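Chains as they are written, first to last, in the deposited numbering: chain A, 209 to 724; chain A', 209 to 724; chain A'', 209 to 724. A prime marks a further copy of an entry chain. Scroll down for the structure; my scribbles are underneath it.
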Amino acid sequence: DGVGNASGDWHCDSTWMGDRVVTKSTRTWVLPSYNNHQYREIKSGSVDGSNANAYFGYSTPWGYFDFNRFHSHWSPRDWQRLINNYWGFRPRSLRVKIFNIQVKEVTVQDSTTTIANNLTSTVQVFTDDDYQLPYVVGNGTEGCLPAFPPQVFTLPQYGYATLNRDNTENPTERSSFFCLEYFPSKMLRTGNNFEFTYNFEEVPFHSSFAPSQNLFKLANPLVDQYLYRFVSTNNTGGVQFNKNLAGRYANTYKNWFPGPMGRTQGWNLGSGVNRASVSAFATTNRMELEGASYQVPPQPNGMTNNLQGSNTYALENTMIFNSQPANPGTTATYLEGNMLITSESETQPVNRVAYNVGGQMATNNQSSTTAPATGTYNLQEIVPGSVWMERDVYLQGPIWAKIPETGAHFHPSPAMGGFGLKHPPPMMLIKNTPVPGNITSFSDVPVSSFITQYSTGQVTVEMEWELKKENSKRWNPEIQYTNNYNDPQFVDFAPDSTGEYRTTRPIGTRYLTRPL
Amino acid sequence: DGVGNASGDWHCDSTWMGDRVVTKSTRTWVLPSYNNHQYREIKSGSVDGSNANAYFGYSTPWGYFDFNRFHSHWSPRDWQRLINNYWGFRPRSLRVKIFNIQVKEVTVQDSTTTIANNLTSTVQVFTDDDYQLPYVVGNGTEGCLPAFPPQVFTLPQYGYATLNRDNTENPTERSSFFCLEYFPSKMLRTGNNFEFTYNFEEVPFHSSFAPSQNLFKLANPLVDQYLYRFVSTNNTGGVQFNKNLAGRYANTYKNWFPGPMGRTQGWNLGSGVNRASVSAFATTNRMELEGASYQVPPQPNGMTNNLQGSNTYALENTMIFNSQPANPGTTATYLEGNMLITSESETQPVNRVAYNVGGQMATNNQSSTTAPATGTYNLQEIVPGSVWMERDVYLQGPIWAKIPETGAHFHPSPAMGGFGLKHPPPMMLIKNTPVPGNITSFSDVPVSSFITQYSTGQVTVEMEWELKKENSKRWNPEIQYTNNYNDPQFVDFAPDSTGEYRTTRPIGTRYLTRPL
Amino acid sequence: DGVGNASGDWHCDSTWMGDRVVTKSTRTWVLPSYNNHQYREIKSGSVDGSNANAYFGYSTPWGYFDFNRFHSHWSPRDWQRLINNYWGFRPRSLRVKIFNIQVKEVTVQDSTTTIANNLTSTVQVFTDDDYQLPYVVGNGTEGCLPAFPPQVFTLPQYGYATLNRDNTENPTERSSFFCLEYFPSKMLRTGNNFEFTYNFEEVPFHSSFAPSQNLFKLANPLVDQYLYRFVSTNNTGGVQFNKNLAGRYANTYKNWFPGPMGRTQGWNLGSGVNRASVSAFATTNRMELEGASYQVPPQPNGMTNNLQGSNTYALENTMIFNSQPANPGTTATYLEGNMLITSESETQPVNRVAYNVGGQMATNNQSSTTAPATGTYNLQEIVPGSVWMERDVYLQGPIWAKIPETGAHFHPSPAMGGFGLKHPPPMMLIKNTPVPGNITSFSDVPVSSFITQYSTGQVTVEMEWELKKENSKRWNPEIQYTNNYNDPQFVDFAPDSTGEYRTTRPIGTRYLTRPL
């Protein structure tokens, strides 16, 4: 209620309750006064020789809350207890609560930066629950809540890129500008707090199970099919047929088919017999959209890199995390030992691999003169009767994404993994209100001299997850995420002597196994 | 009730009522006695050198009502008030009402064509609401209600093409014949009327908004992704990775993908550097269906001609209306100045252009010997995680179409734009009953001499439209359909000194703008 | 209630509710301690060679709130949605609310200006709702709420000019002095707020429609009048008459007449064939009032500059805004490219142009000796049966004005446009209470050493607007305010890379069209 009273407590826990788990998480944040309290016009042309990077947009002084990663809510033990016990999970509700606001004021006088707090300065928070702003949350950007609870994170500055003109930095007449002070926002002093509740829409469970059985090997290898296959022609043009035998899965009749494919390049990790000195930009899979051509990693769902125990990965198809957060705007050439190169090997009985051709189809009509000929294709889209698996979600990866408000779409599983939401959690924007400096006269030009200041405080996020319980009559034990290190020099998913949070490997969800 | 009393009034109006608009429209029609009151066998072989044009079918004396265009219900001002204020619209109900029937009888005696009315002759009207007839309404044919209310239109003759045999004019044993006098029809004198009500099924709203934001540019250009991309290999085969920077949309990880594509040829309008003297038939995109090969304009949804401000259009992908209705069976070579060549430039942030390749995929497996190679594809079908925009509807274009009664289908947006209906508005068939001439003796052969006669009357159509209200926090003004002509020599969407209804340009729906 | 609690939230929105729109707007203000807390005697003589500029008056330490411009309440999109959809609008209620007061105290010690806040200092606010003060709000002065919500504005100092004597700086015995601490004012600490409600009186709607039809062309051009005109005399003095034909509007009988006129000088913008090197002061239209002569722009209602598509404007008749707010007291010679020269071309079917003579009247009595002669007049006042159009209101222009408390008036449309109010919104005056410095002894002279200090805070203004709905049976589309720029280098009505709010063109209201 006032300055000498706590406006909320530290809730950071998890409570497994049957087929349901709430996951609370309080973090501490810092909000810089971005742009010195003004809207700016960020724009760029073709950098790196590509006019795909040309954008037009606006950068606001508003910061925002991005709790759209799984480690922001899940400890690695509560993640381990999830992915080794349950076949699925999906979010149900959400409860965000910003509290203990305190706003300092830096006063650099003769290089003595005194930092004191003003009790009177406010903080604006609104939530965009009519979805009228550019939703920039679900795009794999930084500025998230940290994985580790005693880390203090700075809130990312809110910008958005509108329509540019002809792949330049210049706008078009459809390019918009959203003023964010034209939205009603709650003014928060140091004794006020901002609560917010949200209920997720009906989404499918994330299929956190690996297949126990190949897709083209769903018949039993004991009894044989009552269907025959064309095998050959005789010395005349008379066709000949053979019975599909029992375990001959290469030529049985299939009833279901794998998912989409676009053949990406496969690069060897580990030892590697890769091509030396490849500038890997000019040969990636691009998807040209209204002018320029864009790299689109990862490719849409229905494929996999990395078959099984092979060091060949499709690096265009994968999600490559770093081990630690990096400095912004770095041009460092990281190697294999720095990254978390993340495999989708668990879905190979259903999905086709991305560094191999998917099949072959007949190219000509045969005759007594022309022999039959086939040709391999590098990409195949949705066929009726297809079945694929969605992208695996990770502890270090995004939870949701917003479906773009277009006319139509085909089934909206995000390519980066997670939950495709039509009405996602609304984007909580926040800024410091501008406090003017010493203004002694009237002028019609607006104030450009402000008290330089930042605010800080805590935020708690309480999600709730409906879980799909495992129910299998499998006899032998399964593979599960065990803590298996040979001679650990450090405890993983735990700090070090420096005090930085050390993660080494990404953690999937498909560890339970389930027959098709 | 009788001959001296009006059997219905002229309702032609529109009543905007919140998120709902009823649009009434009365027109005056003329019904010729088609075929001289008999069923005939229309059939043809390969004309224009193509056996696709070979059909077998039947032509009835029945005429029909085709109010399946948007200008039959919408004035251009009420269309302007729709497409500049609302994000969507869909039909809800329908009410057709045929009234003031009067049937003349032409009597050419010594070249003095006296036209008098017989009070006793009837008119048959039935509606086909069990969908047992070939539904020929939603196919882009003429004979519609006019755009302009005081125009009198003639009702189109009802024919249908059944199954022919082996791309000839001869029938197969599956070819059917539907007698239309085997359906119960209401006999209408000059004092009778025919009412009919219809409620549309649950359809999606037509997305009458343009995107404010590119599909591959949905991240913000301020914070950068926590995902890395394979960039290159070193002097060994060791892979190397770089962080996806903030605004580098050409190589970020994408979550949603564009729609289908088939690469069509792009032709330059305006000035034009087109290839001179092209017979443009042999190089169009065809789709061979059970024998012959058919041109299929427009190609299915998910593409666009005409990027932005460029004079290159994909003429195979577009809807080309004329400015005025034309005489039937004309072989005139119209030019650019006659037609209404209709752009889909508003959907280019989501759809791929039809005169460019959509992307490229890896063609080989790399090694220390073989370098990586990619290959461009000209067509890509549905991939899971796709999102496209539907075809824009126009003031001069069709409202609905019937889904064919087959087994299965994929999401039934008609390629010509509009609303894919499973149970469309039933086809109102109408004919003049045959009045025999002077028959003085009995003969078992049926009567072939009739009183030559036509009927005329009014028809009113009352549709009802549920509207999706615009709700955006966009700050700057939008583009809207304004009446912008530089030195008009005539008022557009209004008559001239001749009295003919002059339209110059087609009117879309996507003028409001909305972020993905 | 206290220092650690927010005393009000940021309301800044608009809610269109049928034929009604509320427009909330919160801004942040800075209040300097004007005059160092004392009343002063501002007076001047003849500057610029004109004794019209000689005034006597008083300058107070009070600042005031001036939300009397349309952009203080309306975003340009909500202004666009108004002027393209409605035929009229007028204010109904008002709700001002000053909150989050915080008062700093600047302490310059050895050129180290430390700015800290005192929790104990107060702020006086009263509202003048008996109209006992000189109302200086509705006069086109600066110090308004900004157009753009995150701009912080400084409150203008309240002064007023009373009666001087004989066009000098000396007062007369009727010259008054209003002490503003003789009015009861609410003392506001940092935990207090000041609410205020107001209901506007019955005013006419602002006619935000252009005429679709000329005033002298209201007959139809098909049938002719039953009234004859004197055309000529014969070889004798016998009069002769002709019938007024159908479309001959130059000599039909008129029933209604245009508004007032005073011929101003017309100057060419754009290319321009203007007279070179004109000191444009000595030839303007003046209106001499009790001694001196005053320029009176704009001239009273009933005229227009700028016919249609011509570059000749009457610059004495127009409202010339700047693109950006300017520094106070500037003597800069702005050009055409800086200003927002604002046209009244939309009202030319009803109003007469200001750079042309309005008509001619007979100067002599004719005879057999003297021929008839006419003479053009340069000004014509109200004639019974007149009809004119009021001044267009703009997004950048004033909302209301106070009618002077005189005896009588003729219909009080303000010449600067807007709503003539008899009891306007009361003028919210505000000052910082004086906190004395170090006073160690008693003296009967009042304290002149104070703690130098300023206060800041937020103010929200909630107006409510009754709207006149458009209802026209016009067929063709209208002209509307579209966002039409050819190659934009910047988004208009939105910031730039500097962060300043960029407006280029003024926005009217007459875009709908309506017949007389």
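For each residue, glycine too, the CB sits at the ideal point set by N, CA and C.
For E410/A'', which of helix, strand or coil comes out of DSSP?
The residue given as residue 410/A'' occupies position 202 in the third sequence. Note: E410/A'' maps to coil in three-state DSSP.
Check the Cβ of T398/A against every Cβ in chain A'' and list those closer than 7 Å, keeping chain order.
Position 190 of the first sequence, counted from the first residue, corresponds to residue 398/A. Chain A'' residues near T398/A: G212.
So, do the stretch 457–465 of chain A and the stretch 492–509 of chain A have three or more beta carbon pairs nearer to each other than 8 Å?
no
So for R285/A'', helix, strand or coil by DSSP?
Locating residue 285/A'' in the third sequence gives position 77, counting from the first residue. In the structure shown, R285/A'' sits in a helix (DSSP, three-state: H, G or I).
Near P508/A'', what residues of its chain come up, given a Cβ to Cβ distance below 8 Å and the 5 sequence neighbours on each side ignored?
The count along the third sequence starts at 1 and reaches residue 508/A'' at position 300. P468, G470 and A623.
Between the stretch 679–713 of chain A'' and chain A', which residues of the former have CB atoms less than 9 Å from a CB of the latter, in chain order?
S680, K681, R682, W683, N684, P685, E686, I687, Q688, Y689, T690, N691, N692, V699, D700, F701 and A702
Buried or exposed for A581/A, going by 16 or more other Cβ atoms inside 10 Å?
For this step, residue 581/A is matched to residue 373 along the first sequence. Per the 10 Å Cβ criterion, exposed.
Expected contact under 8 Å - CB spacing of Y263/A'' and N372/A'' to nearest Å
Taking the first residue of the third sequence as position 1, residue 263/A'' is located at position 55. Taking the first residue of the third sequence as position 1, residue 372/A'' is located at position 164. With a Cβ gap of about 6 Å, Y263/A'' and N372/A'' count as contacting.
Going by alpha carbons, who is nearest to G212/A out of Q310/A, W237/A, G226/A and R285/A?
Against the first sequence, residue 212/A aligns to sequence position 4. Selected option, being the one with the closest Cα: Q310/A.
Given a cut-off of 8 Å, decide if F449/A and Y436/A are closer than it, judged by their beta-carbon atoms.
One-based indexing of the first sequence puts residue 436/A at position 228. One-based indexing of the first sequence puts residue 449/A at position 241. The answer is yes: Cβ separation under 8 Å.
Using Cβ-Cβ distances below 8 Å, what residues of the stretch 593–621 of chain A' are close to chain A?
Those residues of the stretch 593–621 of chain A' placed with their C-beta closer than 8 Å to a C-beta in chain A are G593, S594, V595, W596, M597, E598, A616, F618, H619 and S621, ordered along the chain.
Between the stretch 224–237 of chain A' and the stretch 672–679 of chain A', do three or more beta carbon pairs fall short of 8 Å?
yes
Does the stretch 577–596 of chain A come close enough to the stretch 582–592 of chain A' that 3 or more CB-CB pairs lie under 8 Å?
Contact holds: three or more Cβ-Cβ distances are below 8 Å.
I'd like to know whether the C-beta atoms of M671/A' and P299/A' end up nearer to each other than 8 Å.
As a first step, residue 671/A' must be located in the second sequence, where it is residue number 463. As a first step, residue 299/A' must be located in the second sequence, where it is residue number 91. The answer is yes: Cβ separation under 8 Å.
Contacting residues, own chain, Cβ-Cβ under 6 Å from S594/A (five flanking each side not counted)
Translated into the one-based positions of the first sequence, residue 594/A becomes position 386. If we look at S594/A and ignore the five residues flanking it on each side, its Cβ neighbours are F465 and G467.
Every unbroken beta strand (DSSP E) within the stretch 577–610 of chain A'', with a cutoff of 3 residues, ordered by chain:
For the stretch 577–610 of chain A'', whole beta strand (DSSP E) runs of length 3 or above, ordered along the chain, are 582–585 and 608–610.
Limits of the beta strand (DSSP E) - the one that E249/A'' falls within
Position 41 of the third sequence, counted from the start, is the residue given in the question as residue 249/A''. Counting along the chain, the beta strand (DSSP E) containing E249/A'' begins and ends at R248 to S252.
Which value, in whole angstroms, describes the spacing of the CA atoms of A488/A'' and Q473/A''?
As a position in the third sequence, residue 488/A'' is number 280, starting the count at 1. As a position in the third sequence, residue 473/A'' is number 265, starting the count at 1. Approximately 10 Å between the Cα atoms of the pair.
Just mark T538/A' as buried or exposed, buried being the case when its beta carbon has 16 or more other beta carbons within 10 Å.
As a first step, residue 538/A' is located in the second sequence; it is residue number 330 there, counting from the start. Classification for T538/A': exposed.
Taking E381/A as the query, report the chain A' residues whose CB atoms sit under 7 Å from its CB, ordered along the chain.
Numbered from 1 along the first sequence, position 173 holds the residue referred to as residue 381/A. Result: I687.
Would a check of beta-carbon distances place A534/A'' closer than 8 Å to chain A?
Locating residue 534/A'' in the third sequence gives position 326, counting from the first residue. At least one chain A Cβ lies under 8 Å of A534/A''.
Tell me whether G210/A counts as near the ligand NAP, meaning its Cβ is closer than 7 Å to at least one heavy atom of that ligand.
This structure lacks the ligand NAP, and indeed carries no ligand of any kind.
Chain A'' beta carbons: is any one of them nearer than 8 Å to that of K394/A?
Residue mapping note: residue 394/A aligns to position 186 of the first sequence, counting from 1. Answer yes: the Cβ-Cβ gap between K394/A and chain A'' drops below 8 Å somewhere.
Looking only at its chain, what residues have a beta carbon closer than 6 Å to the beta carbon of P357/A', apart from the 5 residues adjacent to it on each side?
Here residue 357/A' is taken as the residue at index 149 of the second sequence, counted from 1. Answer for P357/A': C220, listed in chain order.
Spatial neighbours of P342/A within its chain, please: C-beta separation below 6 Å, excluding the five flanking residues on both sides.
Here residue 342/A is taken as the residue at index 134 of the first sequence, counted from 1. The answer, listed in chain order, is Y368.
Where the beta strand (DSSP E) through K681/A' begins and ends:
Position 473 of the second sequence, counted from the start, is the residue given in the question as residue 681/A'. Neither: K681/A' is in no beta strand (DSSP E) and is coded neither H nor E.
Does the beta carbon of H279/A sit closer than 8 Å to a beta carbon anywhere in chain A''?
For the purposes of this step, residue 279/A is taken as residue 71 along the first sequence, with counting starting at 1. No, its Cβ sits nowhere closer than 8 Å to a Cβ of chain A''.
Smallest Cα separation from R248/A': which of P240/A', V360/A', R599/A' and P269/A'?
As a position in the second sequence, residue 248/A' is number 40, starting the count at 1. The shortest Cα separation from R248/A' among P240/A', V360/A', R599/A' and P269/A' belongs to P269/A'.
Option in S301/A', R397/A' and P379/A' with minimal Cα separation from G210/A':
Your numbering for residue 210/A' matches position 2 in the second sequence. Nearest C-alpha to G210/A': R397/A'.
Confirm, please, whether the CB-CB distance from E377/A' to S252/A' is below 8 Å.
Along the second sequence, one-based indexing puts residue 252/A' at 44. Along the second sequence, one-based indexing puts residue 377/A' at 169. In this structure, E377/A' lies closer than 8 Å to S252/A' by Cβ.
Can you list the residues of chain A'' that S283/A' reaches, using a CB-CB cut of under 7 Å?
Taking the second sequence and counting its residues from 1, the one referred to as residue 283/A' is at position 75. The answer, in chain order, is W683.
Going by Cα to Cα distance, which pick from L239/A, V333/A, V345/A and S329/A is closest to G628/A?
Translated into positions along the first sequence, residue 628/A becomes position 420. With distances taken between Cα atoms, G628/A lies closest to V345/A.
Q288/A' CB to nearest chain A'' CB: under 8 Å?
Walking along the second sequence from the start, residue 288/A' turns up at place 80. Chain A'' contact via Cβ: present.
Please go through the stretch 625–655 of chain A' and give each complete beta strand (DSSP E) segment of 3 or more residues, from N-terminal end onward.
627–629 and 635–640
Contact criterion: CB-CB distance below 8 Å. Does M636/A' meet it with respect to chain A?
Here the question's residue 636/A' lines up with position 428 in the second sequence. Cβ-Cβ to chain A under 8 Å: no for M636/A'.
Quick check on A260/A: does DSSP put it in helix, strand or coil?
On the first sequence, residue 260/A is found 52 positions in, with the first residue counted as 1. The answer is helix: DSSP assigns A260/A an H, G or I state.
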